[PDB]
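To start, the structure under review is shown below, and the notes come after it.
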2 protein chains.
Amino acid sequence: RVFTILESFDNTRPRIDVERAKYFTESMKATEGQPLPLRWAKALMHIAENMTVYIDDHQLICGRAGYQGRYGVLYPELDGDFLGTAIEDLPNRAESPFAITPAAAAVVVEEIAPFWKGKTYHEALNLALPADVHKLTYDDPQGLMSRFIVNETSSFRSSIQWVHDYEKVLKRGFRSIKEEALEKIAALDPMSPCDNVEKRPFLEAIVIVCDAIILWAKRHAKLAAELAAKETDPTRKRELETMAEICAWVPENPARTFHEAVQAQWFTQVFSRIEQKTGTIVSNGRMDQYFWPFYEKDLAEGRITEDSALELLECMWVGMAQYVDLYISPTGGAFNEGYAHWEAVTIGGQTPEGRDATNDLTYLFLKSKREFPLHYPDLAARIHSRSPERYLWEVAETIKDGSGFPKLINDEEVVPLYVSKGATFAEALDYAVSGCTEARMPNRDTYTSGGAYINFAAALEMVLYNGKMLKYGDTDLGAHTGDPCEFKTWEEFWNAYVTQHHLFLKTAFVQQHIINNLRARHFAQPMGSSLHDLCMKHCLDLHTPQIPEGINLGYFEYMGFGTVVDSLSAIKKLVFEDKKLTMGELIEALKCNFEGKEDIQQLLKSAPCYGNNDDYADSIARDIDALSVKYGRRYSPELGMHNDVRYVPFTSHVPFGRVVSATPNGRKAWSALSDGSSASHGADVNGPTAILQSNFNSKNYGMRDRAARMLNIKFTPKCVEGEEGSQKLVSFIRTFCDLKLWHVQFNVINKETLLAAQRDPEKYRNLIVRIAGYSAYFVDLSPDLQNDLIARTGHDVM
Amino acid sequence: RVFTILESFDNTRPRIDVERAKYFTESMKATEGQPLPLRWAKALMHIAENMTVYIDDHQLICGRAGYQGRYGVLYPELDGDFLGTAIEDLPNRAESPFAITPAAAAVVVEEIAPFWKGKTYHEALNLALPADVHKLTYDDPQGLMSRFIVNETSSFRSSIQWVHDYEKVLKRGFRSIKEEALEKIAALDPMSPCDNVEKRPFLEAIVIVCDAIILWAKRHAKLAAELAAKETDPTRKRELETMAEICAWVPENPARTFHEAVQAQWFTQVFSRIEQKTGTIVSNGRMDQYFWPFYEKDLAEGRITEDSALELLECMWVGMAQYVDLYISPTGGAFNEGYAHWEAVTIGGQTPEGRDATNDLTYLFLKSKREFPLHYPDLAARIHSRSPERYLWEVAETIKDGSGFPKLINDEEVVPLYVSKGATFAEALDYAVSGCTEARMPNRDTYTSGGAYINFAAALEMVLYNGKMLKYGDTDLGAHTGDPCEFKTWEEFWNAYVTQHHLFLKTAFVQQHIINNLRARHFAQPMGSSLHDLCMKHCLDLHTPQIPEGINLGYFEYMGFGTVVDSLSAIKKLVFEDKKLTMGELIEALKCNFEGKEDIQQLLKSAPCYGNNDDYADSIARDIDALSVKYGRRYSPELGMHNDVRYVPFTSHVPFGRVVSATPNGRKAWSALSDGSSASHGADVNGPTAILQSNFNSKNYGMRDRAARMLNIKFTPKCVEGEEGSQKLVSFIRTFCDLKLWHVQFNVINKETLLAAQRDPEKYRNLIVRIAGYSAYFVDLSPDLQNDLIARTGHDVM
C-alpha cells in the first residue's frame with residue numbers, strides 16, 4: 001500500500017533534478033530588468049507549462065518537484081556559483097551525498113550555470129561584506145568555505161522557515177486570490193507613478209502565479225484522465241479517475257472533501273518547493289485544525305473512514321520522504337547532516353479563542369506518526385497549561401517509540417512573547433510550528449532572512465589566545481583582549497570574553513543589515529505572497545525588507561552555550577578563585593589537547609557545570625544570555641525587526657566544533673560543541689529535572705528579546721518503561737510547561753545500541769535517532785555527530 | 001500591646017475629621033488661578049504646617065490624618081456640595097454611619113463649604129453631562145442621587161485605586177526627589193514659554209510637596225522628643241526617642257533599618273490620604289519584596305526579631321484600621337457597605353525576572369494576618385504556575401481561618417495581558433495588586449479616572465418593558481426595542497438586549513470622555529506624581545489625561561452577569577425553544593413579583609444557569625462578554641486608553657439590585673444582583689470546580705480588551721477540614737491558575753452561622769465575612785447585602 005511505495009525508493013541515494021532550475025533559468029534569462037516578483041511569476045508559469053508532471057504508481061494524490069525516487073531541486077538564484085563544484089563533489093560527499101546523472105550534469109553546465117555566472121545571491125553577498133566582517137565569515141576570497149565563526153546562513157537557503165496559510169487555499173481557491181488581484185488592479189489610478197510602478201506589477205505577478213499553479217494542477221488532471229482510460233485494473237482505474245476529477249477542481253476552487261483538501265494542500269506545498277528553497281523545507285501548519293472541518297464532515301457522511309484518511313496522510317508523507325532538501329555548498333551540507341529536514345507539522349495546542357485544540361484528528365496524526373516507519377512527518381506537539389491528560393499520555397507513548405517524535409513546543413512561552421511584540425491574542429494563540437522550533441503567524445509574520453550562526457566557543461578561544469584561534473594560526477581574527485596569563489582577576493577574564501562576544505554580535509548585526517537589504521534584490525515569493533494578507537493589502541513581496549503592519553521576527557544564534565558556560569565556570573573556580581592551577585598551566589594543557597595532562601583534564605571536569613541546577617554555573621549562563629538579550633533589545637530597532645538571540649543548532653555544532661580547539665571544560669579539540677541549550681555532553685550528573693531548571697535559571701524573563709532554545713534530553717528505555725514511566729514523562733512535560741521553556745524533545749535509547757550501530761553500520765541501517773529538531777538514520781551521520789549523540793547523557797532514573 | 005491599642009476604639013462609630021479639609025481650603029482659596037499641581041503643593045504645605053501631628057499611646061510608629069479613634073477625611077474639591085446633607089444624614093445613615101461633633105460641623109459650614117460652593121467636581125460633572133446621558137446617570141437635576149443605571153464613579157472618590165512606588169522613597173528619600181526637580185528647573189530655558197509655563201510650575205510643585213511631607217515628618221520628631229523628655233516610664237521614653245530619631249530622618253532620607261522603612265512607608269501612605277481620596281484608599285504594594293532587604297539585614301544583625309517585626313507590622317495595621325474611607329454622598333456609601341476598604345497589600349508572586357518571589361517575610365505576612373483579629377490588612381496573594389507548595393499550603397491554611405484572607409490574583413492572566421498592552425516583562429512581572437483586584441505598574445500606569453458601573457440587569461428590564469423600568473414608571477429611559485410579546489424568535493429578544501447593552505456602553509464612554517477631560521481641572525496629585533518616573537520625566541501631574549510613554553488602564557463595569565445570563569437562558573429555553581410559557585405569562589409573573597405565580601417562578605429557576613459548566617448558558621455568557629470586549633477594543637483608542645470590561649462590584653450589586661424588579665431567572669424584585677462574575681445565588685448546583693470552568697467558558701481569550709473578574713466562592717467548614725481539605729484547596733487553586741482566571745477569594749462558613757448572627761447581632765457582632773475583595777463585620781451590613789451573602793451556595797465538596 002504505502003509499504004509498496006516505500007519499497008520502491010528504500011535505501012537509495014537521492015538524485016539531483018534539474019527541470020525546475022532549467023525552466024526557471026530559461027524564463028529568468030528573458031526577463032532581466034523587470035520587477036523581480038513579476039519575473040518569478042513568469043518563471044513559475046514557464047515551469048508550470050514545461051516541467052514534467054507525474055502520476056506515481058499506487059498514489060492517491062499527485063505532485064512532484066522532480067524525478068521518481070528520492071530527489072532534490074536546484075536554486076541557481078541562491079548559490080548557482082557552486083554548481084561547478086557540486087557536480088564534482090556531491091556524489092562522493094561524506095555526509096548527505098547526492099547522485100547526479102550525466103544528462104542532468106550537462107543541462108547544469110550547458111543550460112543553467114552560464115546565465116547565473118556573476119548573478120547569484122552568494123556572489124553578491126560575498127562581495128558585499130566589508131573586510132572586517134569577511135574575515136569572520138569566509139575562509140577564502142570568493143566565500144566558498146565558511147570559517148564557522150560568524151556564520152551567515154542566508155547563502156545556503158532562499159529564506160528561513162515558512163508556513164503558508166494553507167487553509168486560505170482550501171477555503172477560497174487560487175481563482176479567488178486571482179480575482180481579488182484583478183479587482184485591485186482595476187481600482188488603481190492609472191495616472192499614478194506609484195500605482196504604475198509599485199502596485200500594478202506586484203498584482204500582475206499574483207495573477208500569473210495563480211494561473212501558474214492552476215495550469216500545473218490541470219496538467220495532472222489531464223495526465224491522470226489519459227491513464228484512467230488505458231487502465232485495465234478497475235480499482236486503479238477508479239482511483240485515477242478520482243485524481244482527474246479532484247485535480248481539475250483543486251487548488252483552483254475551494255476544497256469540497258477531505259481528499260480534495262489533502263491534494264489542494266499537497267499541490268500548494270510542492271509548488272512552494274518549485275518557487276523557492278525555504279529553510280528546512282516549507283512547513284505545513286496546524287493540519288489537525290484546518291483539515292478538521294473536512295475530516296469531520298466526510299466521516300459523518302460516509303465519504304471517508306478513519307483508516308481511509310490515515311491512508312491519504314501516509315500518501316502525503318511518502319511523497320514528502322521522496323523530496324530531499326539539496327544543499328550544494330559544503331557549509332549548507334555540514335549544517336544538514338543525514339538529509340536533514342523540518343517540514344514542521346503542528347498538532348494540538350489552543351484555538352484562536354484560547355480553548356484546547358485537541359480533536360480526533362490530533363490523535364490520528366499521533367497514530368499516523370507511530371505507524372509510519374520513516375522519520376516523517378516532522379511532528380510537533382503544542383503544550384499548554386491545560387493540555388488534556390489523554391493528549392499528554394498519547395504524546396508520551398509516541399515519545400517512548402524511541403524515534404524522537406514528537407518535539408514539544410510550549411504555548412506558555414510563545415504566546416506571551418508574541419503578544420508582547422504586537423500579536424493579537426488570536427494570532428499568537430493560532431501560531432504554527434515552523435522549521436526546527438519557530439512560531440509563525442501566517443498572515444502577520446513578514447521576516448524571511450537567514451540570520452547569523454555565531455560560534456561563541458571560538459570567541460572563548462580568542463580570549464585564551466588574544467584574538468587568534470589555533471585552527472587559523474596567526475590569522476588576525478578577533479579583538480586583542482590581551483595575554484590571558486596577564487589577567488590578575490576573574491573580572492578581567494570575563495571582560496575579555498564580553499569584548500569578544502560583542503565583537504561577534506556587532507559583526508552579526510552588520511551582516512544582517514547587509515543581508516536583509518540584499519536578499520530583496522535576488523529573491524521573490526509570489527505564490528507565498530498571494531497567501532499573505534499584508535502582502536496583498538500593501539502590494540509587497542514577502543521578501544521585501546519592510547511591509548506595513550507586519551511583525552519581523554528573526555534570529556541570531558548562540559552556539560556552544562554549555563561548552564562556554566562550563567569552560568568559564570572552570571576558569572573562574574579553578575584558576576582564579578581556588579587557584580588549583582594557573583592560566584599558563586591550563587593553556588599548556590589545552591595546547592597539547594590534554595595529552596600527558598589527563599590530571600588537569602579531570603580537574604577541569606570537576607568544576608560546577610550547566611544543567612545541574614547549580615547557581616555557580618547557572619549564574620554565568622544567565623549573564624552570558626543577558627549579553628545577547630540586551631544587545632538584541634538595544635540594536636534590533638535600528639534594523640526594523642526583532643533580531644532575537646536563539647539557541648537552535650541545526651547540525652552546525654559539528655562544524656563549529658571542528659574548528660574550536662580544546663576548551664577549559666575538558667572537551668577535546670575539534671569535537672562537537674554542546675547542542676542548543678542542552679547541557680554539555682555528560683555534564684548533567686543530577687538528573688533530568690535539573691536540566692529543565694538550569695535552562696530556566698539561565699534565561700532572563702524580565703526582557704522579551706528571546707526566541708527558542710533547543711533542548712535535547714535522553715532517557716534510557718528503562719527510565720520511561722511502562723505506565724509509571726509514561727506518568728513520569730507526562731509529569732516531566734508539565735514541569736517543562738510550567739517553567740516557560742520553549743522546546744523539548746527526547747531520545748529513548750540504550751548507549752550500547754548506538755555503540756553497536758557504530759561497530760556494525762550494515763546491521764543497524766534503520767536505526768533512527770533525534771538529532772536537533774529532526775530525526776535521521778544514525779548510520780548516515782558523521783563520526784563527530786555520532787559522538788555528539790553518544791556522549792549525551794542517557795538518564796536512567798528521572 | 002496592639003490589643004491595648006485596638007481596645008481603645010473597639011466598637012466605635014468613626015468621626016468625621018475636618019482639619020485637612022480646613023487647611024486645604026484655606027490655601028486653595030488664596031491660590032485661584034495658579035496651576036493646579038502648584039496650588040495642591042501649597043495646600044499640602046499649609047496642612048503640613050498647621051494640622052495637628054499625633055504621637056499615639058503605645059504606638060511604635062506615628063502618623064495620622066485625623067483625630068484619635070476611628071476617623072475619616074473630607075475632600076470638598078470632590079463632592080463638597082454634599083457637606084450640607086452629610087451634616088444632617090451621616091450620623092444616622094443606616095449603613096457606614098459617621099459621627100460629626102458640633103464643633104467640626106461648624107468648621108464645615110463656616111470654613112470649608114462657602115469657598116467650594118460652585119467649585120466642586122461633582123457640580124461641574126453634573127452640568128457637563130448632556131441630557132441624554134444625565135437621564136441614565138442621575139435621578140435629580142443636581143445629580144445628588146444616582147439612578148443606578150449607567151453609574152459614573154468619578155464623583156465619589158478623587159481617583160481609582162493607586163499604588164505609590166514606596167520603595168523609591170525607602171531607597172532615595174524625598175530630599176533626592178526634590179534635588180532632582182531643582183536640577184530639572186536649573187536646566188530649563190528661561191526664555192521658553194513652554195519651559196516657563198509647562199515645566200517650571202510642575203517642578204516647583206514637586207519641590208514644595210517634598211518640603212511639605214518632610215516638614216510634616218519633622219514636627220512628629222519634634223513632638224516625640226518633647227514627650228520623651230517628660231516621659232517617666234523608661235520603656236516608653238525609649239520608644240519616644242526612637243520615634244524622634246527615626247522621624248527626623250525618614251522620609252527625607254533613605255531608610256537604614258526595618259523600623260525606619262516601616263515609618264517612611266507609613267508617612268508616605270498617611271500623607272497620600274491627606275493629598276487625595278484615592279479609590280479604595282491608597283494601596284500598599286509588594287511589601288514582602290521591598291521590606292525584605294531591611295528585614296533580612298536587621299534580622300541577621302540582631303537588630304530585629306520575627307516577633308518584633310511582626311509587632312511593627314501590627315502597629316501599622318491597627319493604624320490603618322483607624323482610618324475609615326469617608327463617603328458622604330449616598331451613592332458612595334451604598335457602593336461601600338460596612339466601611340468597605342481595599343488598601344491592598346501584595347505578597348508573593350514572581351520577581352521582576354520571573355523567578356518565584358516567596359521569601360520568609362511572605363510567610364510572616366500570612367502569619368501576621370492570621371494573628372491580627374481585625375479584617376486588616378487587605379492581603380492579596382499572587383499566584384503563578386510555579387507558586388511553591390509550602391506557599392500554597394499556608395495560603396490555604398489562612399483561607400481556612402474563615403475570614404476571607406487572602407484574596408488570590410493570578411500572574412498567568414495579568415502578565416500576558418499587560419505586556420500585550422505595552423508593558424515590558426519586568427514591569428508586568430513586578431505588578432502590585434491595587435484596590436479590589438487590579439494590577440499596577442507604579443512607574444508605568446498613568447490612568448486615574450473613575451469609570452462607569454453599568455447596571456446591565458436594568459438593560460434587560462428595558463427589553464422586558466420597551467425602554468422603561470418599573471422603579472421609574474413611565475420615565476423614557478432606554479431604547480424602544482418594542483413589545484417583547486411581539487418578538488417571534490429568540491433572535492429578536494437577543495437583538496433587543498444587544499441594543500440596550502450598546503446604549504449603555506455608548507453612554508458610559510461619553511461619560512468617560514467628559515470625565516477624563518474634566519478631572520484634570522479639579523484634581524492634582526503632586527506627591528504621587530513625584531514618585532512616578534513618567535511624571536518626573538515629562539513634568540506632568542498624574543491626573544493629566546495623557547502622559548507620554550504611559551499606559552492608561554481603565555475600566556467600565558458589567559454588573560449582574562449571572563443575573564442577566566440566567567434570565568436570558570430561561571427566556572431562550574422556556575419561552576422560545578420549549579415553549580413552556582408565553583411571553584405574556586412571564587411578564588405577568590414578573591410585574592406581580594411572582595405573588596400568585598410561584599409555579600412560574602419555580603419553572604424559571606429550573607433552566608440552565610451560568611456557573612455549572614453548561615455551555616447552554618455559558619455560550620450566552622460568552623456572547624455577552626464578547627459584546628463588551630469588542631466594543632472596548634473598537635472605541636477605547638479614541639479615548640487614548642484601554643477602557644476594558646471588568647466585573648468588580650464593590651457593594652454596588654445591592655443598590656443596582658434595589659432598582660431592578662423581578663427578573664426572568666426567578667430573582668425577587670429589588671434584591672441583590674449576582675456578584676462579580678460569580679454564579680447567581682443558588683444557581684451553582686454542580687460544585688465549585690464548574691464555577692471556574694464557567695468563568696473560563698464565558699471569557700474571550702482571543703482579545704486583550706478585558707480586565708479583572710471578581711469571583712466569590714464559599715466552602716462549608718466540612719469541605720476543607722483537615723490536611724485533606726488543605727490539599728483540596730491547594731489543588732483547586734492550581735486549577736484556578738491554569739484556567740488563566742484573574743481572581744478568586746473564599747468564604748468558609750456554615751449557613752447557620754449567618755442565620756444565627758442575623759437573629760442575634762449582639763451575640764455575633766465580631767463575625768467577619770468576605771464580601772467583594774474585602775471583609776467586614778456581618779452585622780454592619782444592610783439586610784439586602786446580608787441576603788446576598790446568605791444565598792451564596794456553601795459547597796461541601798469540590
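Within each chain, counting starts at residue 1; across the C-alpha cells, chains are named A, B, ... in the order shown, with ligands numbered 1 upward in that order.
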For chain B, which residues have at least one atom within 12 Å of chain A, if we go by only C-alpha atoms? Write them as a ChimeraX atom specification, please.
/B:350-356,384-388,411-430,622,626,633,693,696-706,734-740
Can I get the selected residues back with C-alpha atoms, as a CSV table (one decimal), in the first residue's frame?
```
chain,number,residue,atom,x,y,z
B,350,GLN,CA,7.3,36.4,40.8
B,351,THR,CA,10.3,38.8,40.8
B,352,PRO,CA,10.9,41.3,38.0
B,353,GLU,CA,13.0,38.5,36.5
B,354,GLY,CA,10.2,35.8,36.6
B,355,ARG,CA,11.7,33.8,39.5
B,356,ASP,CA,9.5,32.9,42.4
B,384,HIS,CA,1.6,31.7,39.2
B,385,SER,CA,2.2,28.3,37.6
B,386,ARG,CA,5.3,27.9,39.9
B,387,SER,CA,3.8,29.0,43.2
B,388,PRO,CA,5.7,26.8,45.7
B,411,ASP,CA,0.0,36.2,37.3
B,412,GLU,CA,-0.8,33.9,34.4
B,413,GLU,CA,-3.7,36.1,33.5
B,414,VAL,CA,-2.4,39.5,34.4
B,415,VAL,CA,1.1,39.3,32.9
B,416,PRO,CA,0.3,38.4,29.3
B,417,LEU,CA,-2.5,41.0,29.2
B,418,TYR,CA,-0.1,43.7,30.4
B,419,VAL,CA,2.8,43.1,28.0
B,420,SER,CA,0.2,42.9,25.3
B,421,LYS,CA,-0.7,46.4,26.2
B,422,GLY,CA,2.9,47.6,26.1
B,423,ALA,CA,4.4,46.6,29.4
B,424,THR,CA,8.0,45.3,29.5
B,425,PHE,CA,8.1,41.8,31.1
B,426,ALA,CA,9.9,43.2,34.1
B,427,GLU,CA,7.2,45.9,34.7
B,428,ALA,CA,4.4,43.3,34.3
B,429,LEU,CA,6.1,40.7,36.5
B,430,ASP,CA,6.6,43.3,39.2
B,622,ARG,CA,-19.6,34.3,26.4
B,626,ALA,CA,-17.8,39.4,23.6
B,633,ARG,CA,-11.4,47.2,21.6
B,693,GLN,CA,-14.8,26.4,34.1
B,696,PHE,CA,-13.4,30.3,31.6
B,697,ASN,CA,-16.2,29.4,29.2
B,698,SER,CA,-17.6,33.0,29.5
B,699,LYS,CA,-14.4,34.8,28.5
B,700,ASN,CA,-12.9,35.6,25.1
B,701,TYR,CA,-9.2,34.9,25.4
B,702,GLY,CA,-8.7,35.8,21.7
B,703,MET,CA,-8.8,39.5,22.5
B,704,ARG,CA,-7.0,41.6,25.1
B,705,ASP,CA,-9.7,44.1,26.0
B,706,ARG,CA,-10.5,42.7,29.4
B,734,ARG,CA,-3.8,25.3,40.8
B,735,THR,CA,-6.8,24.8,38.6
B,736,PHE,CA,-7.8,28.4,39.1
B,737,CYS,CA,-4.3,29.4,37.9
B,738,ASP,CA,-4.2,27.0,35.0
B,739,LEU,CA,-7.5,28.4,33.7
B,740,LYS,CA,-6.0,31.9,33.5
```
Might you pull out every residue within 8 Å of range 522-528 of chain B, with only C-alpha atoms counted and same-chain residues fewer than 2 positions away left off, and present them as a PDB file with N, CA and C atoms, in the first residue's frame?
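File selection_7.pdb, as written:
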```pdb
ATOM      1  N   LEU B  36      -2.857  73.983  38.846  1.00  0.00           N
ATOM      2  CA  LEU B  36      -3.445  73.170  39.909  1.00  0.00           C
ATOM      3  C   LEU B  36      -2.408  72.386  40.718  1.00  0.00           C
ATOM      4  N   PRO B  37      -1.425  71.694  40.119  1.00  0.00           N
ATOM      5  CA  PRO B  37      -0.421  70.985  40.948  1.00  0.00           C
ATOM      6  C   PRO B  37       0.344  71.885  41.912  1.00  0.00           C
ATOM      7  N   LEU B  38       0.725  73.090  41.483  1.00  0.00           N
ATOM      8  CA  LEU B  38       1.385  74.011  42.401  1.00  0.00           C
ATOM      9  C   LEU B  38       0.456  74.401  43.555  1.00  0.00           C
ATOM     10  N   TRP B  40      -2.010  72.636  44.763  1.00  0.00           N
ATOM     11  CA  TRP B  40      -2.096  71.469  45.633  1.00  0.00           C
ATOM     12  C   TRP B  40      -0.869  71.371  46.523  1.00  0.00           C
ATOM     13  N   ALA B  41       0.316  71.580  45.945  1.00  0.00           N
ATOM     14  CA  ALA B  41       1.531  71.502  46.744  1.00  0.00           C
ATOM     15  C   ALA B  41       1.524  72.563  47.844  1.00  0.00           C
ATOM     16  N   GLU B  77     -13.019  69.379  47.392  1.00  0.00           N
ATOM     17  CA  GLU B  77     -12.758  69.503  45.958  1.00  0.00           C
ATOM     18  C   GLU B  77     -13.552  68.476  45.155  1.00  0.00           C
ATOM     19  N   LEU B  78     -13.843  67.329  45.762  1.00  0.00           N
ATOM     20  CA  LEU B  78     -14.530  66.259  45.051  1.00  0.00           C
ATOM     21  C   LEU B  78     -16.040  66.442  45.091  1.00  0.00           C
ATOM     22  N   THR B 120     -17.043  72.568  43.116  1.00  0.00           N
ATOM     23  CA  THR B 120     -16.749  71.159  43.345  1.00  0.00           C
ATOM     24  C   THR B 120     -16.695  70.403  42.028  1.00  0.00           C
ATOM     25  N   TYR B 121     -16.017  69.254  42.051  1.00  0.00           N
ATOM     26  CA  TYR B 121     -16.002  68.433  40.855  1.00  0.00           C
ATOM     27  C   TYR B 121     -17.392  67.892  40.542  1.00  0.00           C
ATOM     28  N   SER B 158     -11.596  60.713  44.615  1.00  0.00           N
ATOM     29  CA  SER B 158     -10.719  61.580  43.836  1.00  0.00           C
ATOM     30  C   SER B 158     -10.230  60.880  42.574  1.00  0.00           C
ATOM     31  N   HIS B 164       1.679  53.754  45.165  1.00  0.00           N
ATOM     32  CA  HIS B 164       2.903  54.522  45.041  1.00  0.00           C
ATOM     33  C   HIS B 164       4.100  53.583  44.933  1.00  0.00           C
ATOM     34  N   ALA B 205       6.061  72.629  42.082  1.00  0.00           N
ATOM     35  CA  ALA B 205       5.145  71.909  42.953  1.00  0.00           C
ATOM     36  C   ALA B 205       5.826  70.703  43.587  1.00  0.00           C
ATOM     37  N   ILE B 206       6.651  69.973  42.825  1.00  0.00           N
ATOM     38  CA  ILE B 206       7.357  68.835  43.411  1.00  0.00           C
ATOM     39  C   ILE B 206       8.259  69.305  44.545  1.00  0.00           C
ATOM     40  N   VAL B 209       6.074  70.034  47.593  1.00  0.00           N
ATOM     41  CA  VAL B 209       5.428  68.910  48.257  1.00  0.00           C
ATOM     42  C   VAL B 209       6.457  68.027  48.943  1.00  0.00           C
ATOM     43  N   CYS B 210       7.671  67.932  48.386  1.00  0.00           N
ATOM     44  CA  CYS B 210       8.774  67.300  49.104  1.00  0.00           C
ATOM     45  C   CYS B 210       9.054  68.030  50.416  1.00  0.00           C
ATOM     46  N   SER B 272      -0.350  60.587  51.692  1.00  0.00           N
ATOM     47  CA  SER B 272      -1.149  60.355  50.493  1.00  0.00           C
ATOM     48  C   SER B 272      -2.632  60.555  50.780  1.00  0.00           C
ATOM     49  N   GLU B 275      -3.324  64.001  50.815  1.00  0.00           N
ATOM     50  CA  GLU B 275      -3.297  64.617  49.487  1.00  0.00           C
ATOM     51  C   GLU B 275      -4.610  64.402  48.729  1.00  0.00           C
ATOM     52  N   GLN B 276      -5.171  63.195  48.747  1.00  0.00           N
ATOM     53  CA  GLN B 276      -6.371  62.969  47.937  1.00  0.00           C
ATOM     54  C   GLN B 276      -7.147  61.757  48.448  1.00  0.00           C
ATOM     55  N   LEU B 518     -12.511  66.476  32.302  1.00  0.00           N
ATOM     56  CA  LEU B 518     -12.911  67.354  33.391  1.00  0.00           C
ATOM     57  C   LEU B 518     -11.991  67.210  34.597  1.00  0.00           C
ATOM     58  N   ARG B 519     -11.637  65.970  34.967  1.00  0.00           N
ATOM     59  CA  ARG B 519     -10.900  65.726  36.213  1.00  0.00           C
ATOM     60  C   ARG B 519      -9.599  66.533  36.326  1.00  0.00           C
ATOM     61  N   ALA B 520      -8.867  66.707  35.226  1.00  0.00           N
ATOM     62  CA  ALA B 520      -7.621  67.456  35.299  1.00  0.00           C
ATOM     63  C   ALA B 520      -7.837  68.906  35.759  1.00  0.00           C
ATOM     64  N   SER B 530       5.419  62.905  42.162  1.00  0.00           N
ATOM     65  CA  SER B 530       6.852  62.994  42.415  1.00  0.00           C
ATOM     66  C   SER B 530       7.487  61.611  42.522  1.00  0.00           C
ATOM     67  N   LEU B 531       6.683  60.567  42.726  1.00  0.00           N
ATOM     68  CA  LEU B 531       7.189  59.209  42.848  1.00  0.00           C
ATOM     69  C   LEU B 531       7.056  58.419  41.557  1.00  0.00           C
ATOM     70  N   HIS B 532       6.602  59.054  40.480  1.00  0.00           N
ATOM     71  CA  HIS B 532       6.327  58.382  39.213  1.00  0.00           C
ATOM     72  C   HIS B 532       7.328  58.855  38.166  1.00  0.00           C
ATOM     73  N   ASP B 541       1.380  66.245  35.907  1.00  0.00           N
ATOM     74  CA  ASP B 541       0.688  65.673  37.053  1.00  0.00           C
ATOM     75  C   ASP B 541      -0.034  64.395  36.644  1.00  0.00           C
ATOM     76  N   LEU B 542      -0.053  63.435  37.574  1.00  0.00           N
ATOM     77  CA  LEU B 542      -0.623  62.111  37.349  1.00  0.00           C
ATOM     78  C   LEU B 542      -2.024  62.173  36.737  1.00  0.00           C
ATOM     79  N   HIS B 543      -2.816  63.175  37.112  1.00  0.00           N
ATOM     80  CA  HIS B 543      -4.201  63.246  36.672  1.00  0.00           C
ATOM     81  C   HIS B 543      -4.354  63.921  35.311  1.00  0.00           C
TER      82      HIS B 543
END
```
For residue 56 in chain B: contacts at 12 Å, only C-alpha atoms, fewer than 4 positions along chain excluded, given as a PDB file with C-alpha atoms, in the first residue's frame:
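Saved as result_29.pdb:
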```pdb
ATOM      1  CA  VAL B   2      -1.667  46.358  69.924  1.00  0.00           C
ATOM      2  CA  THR B   4      -4.391  47.606  74.142  1.00  0.00           C
ATOM      3  CA  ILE B   5      -4.489  49.974  71.166  1.00  0.00           C
ATOM      4  CA  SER B   8      -9.359  51.819  72.875  1.00  0.00           C
ATOM      5  CA  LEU B  60       5.932  52.489  67.847  1.00  0.00           C
ATOM      6  CA  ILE B  61       5.252  54.460  64.651  1.00  0.00           C
ATOM      7  CA  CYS B  62       3.415  57.725  64.225  1.00  0.00           C
ATOM      8  CA  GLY B  63       1.252  59.459  61.641  1.00  0.00           C
ATOM      9  CA  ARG B  64      -2.457  60.304  61.399  1.00  0.00           C
ATOM     10  CA  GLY B  66      -7.295  62.877  61.751  1.00  0.00           C
ATOM     11  CA  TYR B  67      -8.241  62.745  65.407  1.00  0.00           C
ATOM     12  CA  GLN B  68      -7.721  59.910  67.890  1.00  0.00           C
ATOM     13  CA  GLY B  69     -10.045  56.931  67.467  1.00  0.00           C
ATOM     14  CA  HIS B 220       6.393  64.439  64.632  1.00  0.00           C
ATOM     15  CA  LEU B 223       6.741  66.348  69.412  1.00  0.00           C
ATOM     16  CA  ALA B 224       8.046  62.869  70.162  1.00  0.00           C
ATOM     17  CA  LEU B 227       7.183  63.768  75.051  1.00  0.00           C
ATOM     18  CA  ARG B 236       8.067  54.343  76.749  1.00  0.00           C
ATOM     19  CA  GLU B 239      10.114  54.406  72.212  1.00  0.00           C
ATOM     20  CA  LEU B 240       9.633  58.186  72.015  1.00  0.00           C
ATOM     21  CA  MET B 243      10.424  57.861  67.135  1.00  0.00           C
ATOM     22  CA  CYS B 315       1.369  48.735  64.658  1.00  0.00           C
ATOM     23  CA  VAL B 318      -4.001  48.983  63.822  1.00  0.00           C
ATOM     24  CA  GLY B 319      -3.300  52.452  62.403  1.00  0.00           C
ATOM     25  CA  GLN B 322      -8.428  53.669  62.488  1.00  0.00           C
TER      26      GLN B 322
END
```
Selection near residue 19 in chain A, 8 Å with only C-alpha atoms, sequence-local residues under 2 positions removed, as a VMD selection string
chain A and resid 17 21 to 23 51 to 52 66
Using C-alpha atoms, can you export the residues from the last selection as a PDB file, in the first residue's frame?
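Written out: out.pdb:
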```
ATOM      1  CA  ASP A  17      16.656  17.025 -10.554  1.00  0.00           C
ATOM      2  CA  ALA A  21      16.272  25.083 -12.406  1.00  0.00           C
ATOM      3  CA  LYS A  22      16.374  24.743 -16.201  1.00  0.00           C
ATOM      4  CA  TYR A  23      12.963  26.288 -16.881  1.00  0.00           C
ATOM      5  CA  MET A  51       8.203  20.764 -16.486  1.00  0.00           C
ATOM      6  CA  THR A  52       7.236  17.098 -16.269  1.00  0.00           C
ATOM      7  CA  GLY A  66      11.354  16.247  -9.560  1.00  0.00           C
TER       8      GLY A  66
END
```
Considering only C-alpha atoms, return as a ChimeraX atom specification whatever protein or nucleic-acid residues lie within 10 Å of range 89-101 of chain B, sequence-local ones (same chain, fewer than 4 positions apart) excluded.
/B:12-18,70-72,83-85,105-106,324-330,333-334,336-340,780-782
Just the residues within 10 Å of range 723-725 of chain B, please, counting only C-alpha atoms, with nothing from its chain fewer than 3 positions along; format it as a VMD selection string.
chain B and resid 393 396 to 397 400 717 to 720 728 to 731 797 to 798
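The closest residue to residue 166 in chain A, picked from A:286, A:303, A:184, A:668 and counting only C-alpha atoms, is A:286.
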Distance criterion (only C-alpha atoms): nearest to residue 178 in chain A out of A:142, A:536, A:137, A:233:
A:536
Determine, counting only C-alpha atoms, which protein, DNA and RNA residues have an atom within 9 Å of an atom of range 249-255 of chain A; residues of the same chain fewer than 5 positions away are not included. Present the result as an NGL selection string.
:A and (168-176 or 210-211 or 213-215 or 217-218 or 221 or 244 or 260-265 or 267-268 or 294)
